[PDB]
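Quick setup: one chain, the form deposited in one PDB entry, written in structure tokens, and binding and motion questions come after.
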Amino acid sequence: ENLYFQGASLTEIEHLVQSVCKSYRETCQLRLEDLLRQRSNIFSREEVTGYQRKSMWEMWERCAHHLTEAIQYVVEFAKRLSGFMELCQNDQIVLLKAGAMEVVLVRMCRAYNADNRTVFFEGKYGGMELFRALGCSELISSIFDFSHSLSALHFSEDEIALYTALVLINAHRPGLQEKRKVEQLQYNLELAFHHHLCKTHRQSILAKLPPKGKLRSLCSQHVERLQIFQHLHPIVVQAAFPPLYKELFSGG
């Protein structure tokens, strides 16, 4: 079904590095050059106050829409990833349901300015205080800390491409029917990532990558906070949250 479902040669691994990097470059929601250029564009005290005065429901709605927009780009990244479209539909959905948010959390570090602890949001950079109306301070703080930690690694765009391919192609996700096929694709993407690091003298980052369970903890906290919000504003979720967001995080 795909070359990468079996043992790949060095030259095939080299091709895989190029294919993954190309898939990522074509499916960025935000260009790195744009994010870096916009760093001087920061929300004023007045603008921050405006976001803080928004109702909890209006802020949750906006943030769910922005997350859904990011997730759509991750779905396109998946579709372009060597071997992904050759997996069965059940496995494609299992991997995206479990991994789409994890990939967005990783992609976020590009939009995060470690210099002043701000993130690009609705056209300007703002600190975590911009999100205070959500009423999930702990989760926002944890996501900022995560982006801060990833920012300290100074990832290149190619490293992000290969690392996020692996975040998505995880053979341990519960529910995978063709687990052996996913294990082999994961093995080849792992080789592609480690080969690129070896070639660029960046193998030192391997021991510095987030631990096993860190991305899972942030994803579980998101679902928990959404369930709290849903109990408070059930019709906001039913009437005004994006259908894709609900399919991923509230079981439809």
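Only residues modelled in both forms are compared. Superpose the two forms; the largest set of C-alphas matching within 1.5 Å is the rigid core. We number the residues from 1 along the sequence you see.
On average the C-alpha atoms of 204 to 212 have higher B-factors than those of the other stretch, with 56 to 64 and 204 to 212 being the two compared. As recorded in the PDB entry, 150 to 158 is the stretch of 150 to 158 and 98 to 106 with the greater mean C-alpha temperature factor. In the PDB entry, the Cα temperature factor peaks, among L134, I143, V167, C88, at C88. Between the residues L81, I71, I93, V119, it is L81 that shows the highest Cα B-factor in the PDB record. Ranked within its chain, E138 lands in the highest third, by CA B factor from the PDB record. When the modelled residues of the chain are ordered by their C-alpha B factor, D34 lands in the highest third.
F5: CA B factor in the highest third of modelled residues in this chain (values from the PDB entry).
For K181, the recorded CA B-factor ranks within the middle third of the chain. Only modelled residues enter the ranking.
For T27, the recorded CA B-factor ranks within the middle third of the chain. Only modelled residues enter the ranking.
The following text describes the form deposited in another entry, which does not appear among the structures shown.
Core-aligned CA deviation for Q227 between the shown form and the other one: 2 Å or greater. Annotation for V17: C-alpha shift under 2 angstroms between the shown form and the other one, rigid core superposed. One change in that other deposited form concerns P234 and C63, whose Cα atoms lie at least 3 Å closer than in this form. In that other deposited form, the Cα atoms of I93 and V236 sit 3 Å or more nearer to each other than they do here.
226 to 241 is the sole run of three or more consecutive shared residues whose C-alphas all shift by 2 Å or more between the shown form and the other one after the rigid core is superposed.
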